[PDB]
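The chain below stands alone, shown as structure tokens; this is the form deposited in one PDB entry.
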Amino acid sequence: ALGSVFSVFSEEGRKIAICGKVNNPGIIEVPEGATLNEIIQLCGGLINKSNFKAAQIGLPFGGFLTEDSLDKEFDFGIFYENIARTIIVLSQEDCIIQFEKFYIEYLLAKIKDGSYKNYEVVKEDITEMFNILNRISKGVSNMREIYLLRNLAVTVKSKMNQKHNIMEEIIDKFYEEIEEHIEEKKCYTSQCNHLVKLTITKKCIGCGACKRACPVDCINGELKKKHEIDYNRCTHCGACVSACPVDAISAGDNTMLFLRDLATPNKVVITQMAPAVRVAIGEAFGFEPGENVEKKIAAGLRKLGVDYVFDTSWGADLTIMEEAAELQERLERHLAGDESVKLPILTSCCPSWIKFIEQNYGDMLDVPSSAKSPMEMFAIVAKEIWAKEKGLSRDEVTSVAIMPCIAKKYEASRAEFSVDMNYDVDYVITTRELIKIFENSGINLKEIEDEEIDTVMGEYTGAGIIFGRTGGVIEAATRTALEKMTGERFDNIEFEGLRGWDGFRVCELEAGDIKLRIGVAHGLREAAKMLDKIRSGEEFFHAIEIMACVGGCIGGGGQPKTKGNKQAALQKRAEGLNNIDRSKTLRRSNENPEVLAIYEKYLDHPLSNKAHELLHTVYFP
């Protein structure tokens, strides 16, 4: 396979394969008398105009060139016996630590499969090198690591009887960057997703759209003065990023890491995708909003190198099991006169409300459900159950989430969703990022064959799929809970009261002896209105749903920019999800056989101790 480019392209004598940070990666015929720089120019320079940093020769083994070799004739002697003649070019926009992690993991794979048994003796040593790099990338290291790396490098150079080990020169030439990463916990290229915080960059022109758009008044700054984010109050709703006319606000971009992981041999890569992605991505390829192209996305992902493709709506069904259980418990306790219970119960997978409450509604910390999000539920099940059944350690599986927003990036970055430095969601990719991957890689969703999603964690019901538009989470929870409480199967499962588009909606649901009052908000200002009304006693609710983005996750800032009327397109996506729900035979989360298998085999019933241990978390510790 092999390949790399910022706009992303996995490209599957006197001929070389250039795949670095150059524009137009490809196979090139080198003129006789040519420098490195001239080869770069024949490929069109480096993405943007970031200057040359280094060039790796041979992916398993070769040389490592820096500026000192840029204007010198490219001696082919560096292509020693059976090197395959490959060059990875680096610009100043690439982090050395991530690249060296990729190099070490590649070498380790080729050792482990027996292609390079002569290097077996150093396996353990090299593994430690990776671990050291990993500790640096996660920000859990001291400067001592450098010392260790050096000795390890020296160790390798002793056992391989080699005159030049790569890591020694790497340390010598980029000590400044390494020290920056370690002491300042900063990656100046923003490739280390665990060291990146949502920040306004130096490019900012002091316009102001972000200062107006923030619903919590989190941004300070006036006139052309650079604006700053009070990160201790940021909800990661992404309004500022979407409203910025420029690249002034950065929250990272995990595309290159995805490509490198896909290009690592014998590395298991699995993906989940949010309900709302499948009704919007196709817009970039000639489909209308609302058209479900999940099979096209599955085919494209598998073409890219994904070994297993799963679905977040399975996790949404599991979330519904847990949340309907908790809601019924709370209602039963309330009807019994239990004042220890707290109402309403908040059901929402949106992270944005967490801080939104912590910073303005400390009297309602007992309201939201303890259940994790569908994304993290999927991740924990994939790594702690699915992988275990297949005999894989959690670090032997790379779980990638395809989601419509940056708040999911922040969620996947939370340490609560990790163990032994392994994050349940390894990293998050936005809809736009995947669109650009497909576009630059030649994947056209309009013309690719359909492929099925994998079964164990891909099958989902309509209740789960409606999660992606406002009112879906509470609608699914209500379906299951009311059917559970009344014993009655509803002829019409759609609750039109919970649907609609008003920022703040009130509904009244009647079923047998059971009567519930529901409040729904999309847009954090409407949410503030609703919560102020609840606190003042102006309105009483049994349950509420809060979404930060208008229309729900189908309206996330990571989705493709709408064409035509924005509101019309968002409504089209929502009705597309509703039509997916209507096309499914099963339309209650509790009918999904695979979630029930999860309960029958491991957790034994919803809200059990095991279910709490795995699928629940502590918001507001």
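Under this definition, the rigid core comprises the largest set of C-alpha atoms superposing within 1.5 Å between the forms. Shifts are known only where both forms have a C-alpha. The first residue of the shown sequence is 1; numbering continues from there.
The following text describes the form deposited in another entry, which does not appear among the structures shown.
Of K112, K72, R333, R212, which one's CA moves 2 Å or more between the shown form and the other one, core aligned? Shifted by 2 Å or more: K72 only.
Aligning on the rigid core, do we see the C-alpha of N82 shift 2 angstroms or more between the shown form and the other one? Yes, shifts by 2 Å or more.
Rigid core superposed, please list the runs of 3+ consecutive shared residues whose C-alphas all move by 2 Å or more between the shown form and the other one. 71 to 84 is the lone stretch that moves between the shown form and the other one.
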